[PDB]
Structure formats: structure tokens, C-alpha cells
Amino acid sequence: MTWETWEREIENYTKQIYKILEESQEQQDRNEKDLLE
Amino acid sequence: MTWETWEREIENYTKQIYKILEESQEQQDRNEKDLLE
Amino acid sequence: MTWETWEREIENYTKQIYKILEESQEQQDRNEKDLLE
Amino acid sequence: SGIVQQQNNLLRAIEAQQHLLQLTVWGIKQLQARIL
Amino acid sequence: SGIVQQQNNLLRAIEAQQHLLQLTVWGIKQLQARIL
Amino acid sequence: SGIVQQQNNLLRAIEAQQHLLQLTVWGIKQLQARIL
């Protein structure tokens, strides 16, 4: 595997992780709101 | 630590986490089924 | 970033994680005890 | 439902991070094979 | 309550680990550039 | 019970991930010491 592919893979998984972290934050938000009310 | 033991520990924790993730996926599916039914 | 600030940041976040996971263990204990009630 | 959904979200995050971790292991091994 | 709070903490742990992952990527890239 | 067990599963995965992270840090430091 080339470092070029390695870099692309790093960027891709990093992008996906941040998407999942955003979803997780949003769901944590919903769950905390639901609990408090 | 040295590179031989490093390689061994990498393999060991890699297998460890794969097993836990597999167990987690199974539990996730079970929880989703139980919630629906 | 330099190798010196890299090392200190690794240490910083490692200590943070240990603290968060210790808290998480304590919470796991509580949730398991709650589950009986 | 929301708690179960969040468990799925956290599982997906950990799985994605494990892929990233495997890439870093590959990179360390690549560099190790050249340097030493 | 307790479950939702623990999900918060697991998420915080995962977020901190993401910082460590990106630091390890930085280190690998620095070494790679050096020896190319 | 299943939800509480899954929380433990995720905690265990994160802890294993942390051990892997610690190993990648060690490897990077070793390479750094040799190259710099």
C-alpha cells in the first residue's frame, strides 16, 4: 500500500468518525433532554 | 519492551478488541429485537 | 506542533482518558446495582 | 429507544476508530521496515 | 439517568481517544516526511 | 440487563483500544529516537 492511499484512508475514516461523533452528540442531547423533562 | 514483544502485544489486543466488538454487535442486535418485540 | 509538545499532549490526553474511564467504571458499578431496584 | 440508539452510535464510533488505529499500526510497521 | 450519564462519559472517552489517534497520525506523518 | 451489559461491552472495547493506543505511542517514540 502506498502512503498516498494510507493518507486517503486516514482522511476518510477521520471524516466518518467525526460524522458519527456528531450523531452521538445529537443523540446524547436528545436523551438528556428527554430525561430532564 | 522490544519490537518482538510489541508485535505480540499488538496482535493480542487486536484479537481482544475484535472479540469484544463481535460480542457488542451481537448484543446490539439482541437489544434491538427485544425492544421491538 | 513539535515532538516536545506532541509528547506532553499525549500525556495530557492519556491522563484525561484514565480519569474518564475510572469515572465510567464507577458508573458501571452503580448502574449494575440499580438494575436490581 | 434513544438509549439503544446511542449504544449503536458509540459502537460505530469505536469500530471506526479501530480502523484508524489499524492504519496507524500499518504506518509504524512501514517505517520500521525502512529505518531498521 | 445513570445509563444516560455513562453514555456521556463513554462519548467523552471516545472523543479523547480521537485526539490521541490524531496525535499518533501526526507523529507518523512527521517520520514519513523525514525519511522519504 | 442487556442495555447495562452492552455498556460494559463498550467500556471494555474502549479500554482495549487504549492499550492499542499506548502501543502505537511506544512504537512512534522508538522510531523517533532512531531517526532524530
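Coordinate-derived values only; no laboratory data. Virtual Cβ from ideal backbone geometry, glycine too; neighbours counted across all protein chains shown.
Which ones in region A:1-29 are within 17 Å of the chain's Cα centre (by Cα) and either at the interface with chain D (Cβ under 7 Å from one of its Cβ atoms) or crowded, with 17+ Cβ neighbours inside 10 Å (or both)?
A:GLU9, A:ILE10, A:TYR13, A:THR14, A:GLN16, A:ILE17, A:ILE20, A:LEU21, A:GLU23, A:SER24, A:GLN27, A:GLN28
For region C:7-37, which positions are of a type outside the set (S, T, N, Q), more than 18 Å from F:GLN18 (Cβ to Cβ) and outside any loop (DSSP other than H, G, I, E, B)?
C:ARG8, C:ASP29, C:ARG30, C:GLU32, C:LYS33, C:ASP34
Could you list, in sequence order, the residues of region E:16-36 that are more than 9 Å from chain C (Cβ to nearest Cβ) and in a helix (DSSP H, G or I)?
E:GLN18, E:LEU21, E:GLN22, E:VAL25, E:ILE28, E:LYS29, E:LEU31, E:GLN32, E:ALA33, E:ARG34, E:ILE35
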